[PDB]
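In the structure tokens that follow, a single protein chain appears in two forms: structure 1, then structure 2.
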Structure 1
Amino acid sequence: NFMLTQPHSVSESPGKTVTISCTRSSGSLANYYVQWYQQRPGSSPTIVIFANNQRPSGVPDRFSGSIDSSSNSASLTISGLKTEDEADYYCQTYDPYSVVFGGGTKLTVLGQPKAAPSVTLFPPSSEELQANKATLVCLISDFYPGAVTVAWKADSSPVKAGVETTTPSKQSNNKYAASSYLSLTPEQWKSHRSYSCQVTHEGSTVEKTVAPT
């Protein structure tokens, strides 16, 4: 067996040339064809390069593949880098029995405008309260970059128990979204004056508050 090592992540600025390397641990890289795949969020992988340097129809001329036998590595080169090139890239090769994929490289294109999140907080519904449950829903949308901090307060006290927060993910408009849920008993909900969801992004904090009845 063998492994393929790729960098976990690469960040580059638009219009520049980016190189993603793929190093084979054992076996001669030049004895077996190398393929490169692009994978966008929630999509099937697509082929960018096959047989070391073959570019299928529909793949822009900006993408090219090469191999370096001395370093036992393959490279994917993207010239004139565009924001639409942001995706995960995987190299792949084989030996006479096995097929191996590299760990993948997250490609980030820099210089994109910062966007503040819209935050909306909902209290528990009457229906859920009647079923002896209570969920507070804090929705966070249209923010860039993806880094966000979510904190909950019961009145003024920080709360960590019962909180479940998603890792942020890109929306169709290339901005991020996330949600945070606070599970309470109806008794905990009714015994406090209010609950708050505090959202911190790029050093600024927004706080939304809800109250029983």
Structure 2
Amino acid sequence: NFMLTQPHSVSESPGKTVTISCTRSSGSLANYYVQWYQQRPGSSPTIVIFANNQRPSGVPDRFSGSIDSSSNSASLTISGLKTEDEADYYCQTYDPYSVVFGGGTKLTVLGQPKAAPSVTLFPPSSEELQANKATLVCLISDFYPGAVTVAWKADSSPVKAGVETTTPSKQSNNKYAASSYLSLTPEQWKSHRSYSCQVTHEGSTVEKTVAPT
């Protein structure tokens, strides 16, 4: 036990060069091998660089490790950025008894265009209602960037009791997704004339409405 400190976030437009710095405290960085890992949204870590600067199978000349003991820091670099390099990058090293991981660095690629959401709202099923329960499912998808608000409404009246929202996450297409679930009683649902899902993104709002049958 000693520690590795790497920046929280890193940004740049595509085709450029990014340096991710990893700075180990106690112990000489020159004496122990540094490794780099990539972790894509939902995916498991993957080796990027090992033994300070070696690249395995499926790692292009774009990625390249380097070291400098006269400051005690190893640095993974990416020449020629691609939007598809967006992930968490972790450095990692050791000593005779312990192995240490960095806190990670979240890479970001600037210049990616804005996307309006793809809001879909389903009303309670016939099974759920027959079970004396009701849930209105609001699946918000394909938006850029991942910063949305979700506002429920019963005709006009905003409803704060029942709403449960997921925080944004990336997709297979680098775009973002979320989902808000509003729970009602079968009576709550059938007593109102309509319900709405209002997702506000980048200053504009989309509304999706449902009415009991």
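Rigid core: the largest C-alpha set superposing within 1.5 Å between the two forms. All residue numbers here refer to structure 1's sequence, counted from 1.
Enquirer: After superposition on the rigid core, what is the displacement of the C-alpha atom of residue 173 between structure 1 and structure 2, in Å?
Expert: So the C-alpha of this residue moves 2.1 Å.
Enquirer: Report, in Å with one decimal, the C-alpha displacement of residue 65 between structure 1 and structure 2 after core superposition.
Expert: The shift comes out to 0.8 Å.
Enquirer: Using a rigid core fit, what is the CA shift at residue 145 between structure 1 and structure 2, in angstrom?
Expert: Taking the core as reference, the C-alpha of residue 145 is shifted 1.2 Å.
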